[PDB]
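This document starts with one chain, in the form deposited in one PDB entry, laid out as structure tokens.
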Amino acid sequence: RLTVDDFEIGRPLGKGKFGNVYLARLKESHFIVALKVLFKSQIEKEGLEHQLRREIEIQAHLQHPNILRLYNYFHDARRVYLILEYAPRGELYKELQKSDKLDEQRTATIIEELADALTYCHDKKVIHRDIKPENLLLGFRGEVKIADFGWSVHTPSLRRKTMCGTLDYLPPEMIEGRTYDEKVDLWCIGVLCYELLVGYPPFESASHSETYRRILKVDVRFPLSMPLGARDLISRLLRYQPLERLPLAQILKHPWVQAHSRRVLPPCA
């Protein structure tokens, strides 16, 4: 049914940084959305035809309050249009840049929310493979929205080999070229938790090469001011051996997460 003409454009979002993304709303109902416009020529020129399909199928299959919703897509002769959830508080990375770091309560809340979303993802055999601050948007009450699915994969077998993600967040088993499973996501939750509380990622260095070596050695250095409960959580997630890592169900029950999380569920009905 839906086409470009069923929407009124409000304003551009992100100043080109994220492509052609607009605040918009349905003309009839005034329901507010982010409309993302892709030029087919540009998709073909970058040979991203198959990545587009993948991203849409995965996003279509995921309905969770902490996962940015894809309502639908459509296309004309010249363009592909994604109808995405509008996240009105914007980018966590911006929020993080105000204070360069987050308090225990805001961090704990994000951790609980990611462990919940990723429980839902893994139960559907989706591995994200690129959890990090810059992939997260913020809802009306500050609730995390996993917003980028560029490296995501639907794998019933939970067996993959491809190098994916972002240097400071790469898990050791990927760097080692091993077969890996859903536990790559647990590693990234640990890196994220560290970065939100400290202001920088735990394996950061002047070169790609030195970062790789820090990761393989699990060279985590906690500042003295790091709260004790967060230190515990992070050390239990940043494990060399994937199966030794704290599982999502134990993340949710971790005393530090329990104590400091103030997670709210979006209304319904």
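Rigid core (definition): largest C-alpha set, two forms, superposition within 1.5 Å. One rule holds for the numbers: they count along the sequence shown, beginning at 1.
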Original post:
If you average the CA temperature factors over each stretch, which comes out higher, 235-243 or 36-44?
Top reply: 36-44
Original post:
Between 225-233 and 210-218, which has the larger average Cα B-factor in the PDB entry?
Top reply: 225-233
Original post:
For residue 20, does the deposited CA B-factor place it in the lowest, middle or highest third of the chain?
Top reply: highest
Subject >> Where the record places residue 75 (Cα B-factor, split into thirds across the chain) >> reply: highest
Original post:
Looking at the C-alpha B-factor of residue 101, is it in the lowest, middle or highest third of its chain?
Top reply: highest
Subject >> Assigned third (lowest, middle, highest) for the C-alpha B factor of residue 52 >> reply: highest
**OP:** Report the third (lowest, middle or highest) to which the CA temperature factor of residue 94 belongs, ranking only the modelled residues of the same chain.
**Re:** highest
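This protein has a second form, the form deposited in another entry, left out of what is shown; the following refers to that one.
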Original post:
For the list 79, 89, 160, 125, which one shows a CA move of 2 Å or more between this form and the one not shown after the core is fit?
Top reply: 79
Original post:
Against the rigid core, is the Cα displacement of residue 210 between this form and the one not shown at least 2 Å?
Top reply: no
Original post:
Once everything's superposed on the core, is residue 16 shifted 2 Å or more at the Cα between this form and the one not shown?
Top reply: yes
Original post:
For residue 40, is the C-alpha shift between this form and the one not shown 2 Å or more after core superposition?
Top reply: yes
**OP:** Based on a C-alpha change of 3 angstroms or more, tell me if residue 18 and residue 198 lie closer or farther in the other form than in the shown form.
**Re:** farther
**OP:** Quick one: in the other form, is the Cα gap between residue 16 and residue 68 smaller or bigger than here? Answer closer or farther; it shifts by 3 Å or more.
**Re:** closer
